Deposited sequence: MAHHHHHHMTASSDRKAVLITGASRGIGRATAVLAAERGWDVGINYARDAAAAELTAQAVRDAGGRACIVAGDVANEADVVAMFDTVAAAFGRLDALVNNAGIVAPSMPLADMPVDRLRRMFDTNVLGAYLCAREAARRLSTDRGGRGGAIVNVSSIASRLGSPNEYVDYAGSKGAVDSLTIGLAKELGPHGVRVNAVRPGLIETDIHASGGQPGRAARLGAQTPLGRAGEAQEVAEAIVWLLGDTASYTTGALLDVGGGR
């Protein structure tokens, strides 16, 4: 017996993912903490979840790999006996450069992680949360970026495109899953601390917590008529 809802967060070992995990716990959720390689960081996130009063379940996996994604969801469901939500947050680290200089391996990693991975995880949430497929309803939040509308020229135009895909996914899947009890929204963070931040209207980089607040709001019941939204959290940029 537990009246806490369960959220699976991808890329939850650091940054926005970690803050979201901890905040969701403070707000009454149990949390599946997915990570790719940094298991020690994931365990620190889990301890922070537990300290905040939540159950935590750590789960390794490549979001681009179908078998890993099915196992991730299966694992969280095993642990908590339920699944109520997904936060799509996994990303990659890549160097700043123009498209012309980017090698194909980097492009593939960017799209496989940010596009295919977000689709596979959203697909699994669709299968498991939709009321027409046996689920109890729920919410998905996709983490996008202001890069989707700004383009990250000379830096990460591939990342920019990947988040454009996430924005479009959000709009379409919200429509698709609305009749089946599942809301789908996105946050579009700007510059978030881990000197451009200083050039934004609020005059600073954002804190991961500040993005987490937006995520956890969109996951909760007070957001009940909010689906298909794209919520910029970028300091006015």
Open item on the list: Missing C-alpha coordinates: which residue stretches of the deposited sequence does that apply to?
Closed with: 1 to 11, 206 to 218
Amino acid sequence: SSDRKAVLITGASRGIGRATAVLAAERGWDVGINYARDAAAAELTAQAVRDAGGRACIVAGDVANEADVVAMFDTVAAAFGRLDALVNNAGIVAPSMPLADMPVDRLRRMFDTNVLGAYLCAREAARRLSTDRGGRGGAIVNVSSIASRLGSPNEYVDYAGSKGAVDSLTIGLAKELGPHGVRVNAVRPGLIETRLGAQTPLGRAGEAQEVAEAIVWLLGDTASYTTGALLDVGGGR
From here on, numbers count along this sequence of modelled residues.
Open item on the list: Tell me which stretch has the larger mean Cα B-factor in this entry, 140 to 148 or 102 to 110.
Closed with: 102 to 110
Task: Stretch with the higher entry mean CA B-factor, where the candidates are 1 to 9 and 227 to 235 - done: 1 to 9
- [ ] Kindly indicate the residue among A77, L116, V87, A126 with the greatest C-alpha B-factor in the PDB record.
- [x] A77
Open item on the list: Per the entry's Cα B factor values, which of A186, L173, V211, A198 stands out as the maximum?
Closed with: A198
Task: Entry-reported Cα temperature factor of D132, expressed as the chain third it lands in - done: highest
Open item on the list: Can you tell me whether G53 has a C-alpha B-factor in the lowest, middle or highest third compared with the other modelled residues of the same chain?
Closed with: highest
Open item on the list: Going by the CA temperature factor in the PDB record, which third of the chain does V93 belong to: lowest, middle or highest?
Closed with: highest
Open item on the list: By the recorded C-alpha temperature factor, relative to the other modelled residues in its chain, which third is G190 in?
Closed with: lowest
Task: Position of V63 among the chain's modelled residues by C-alpha B-factor, lowest, middle or highest third - done: middle
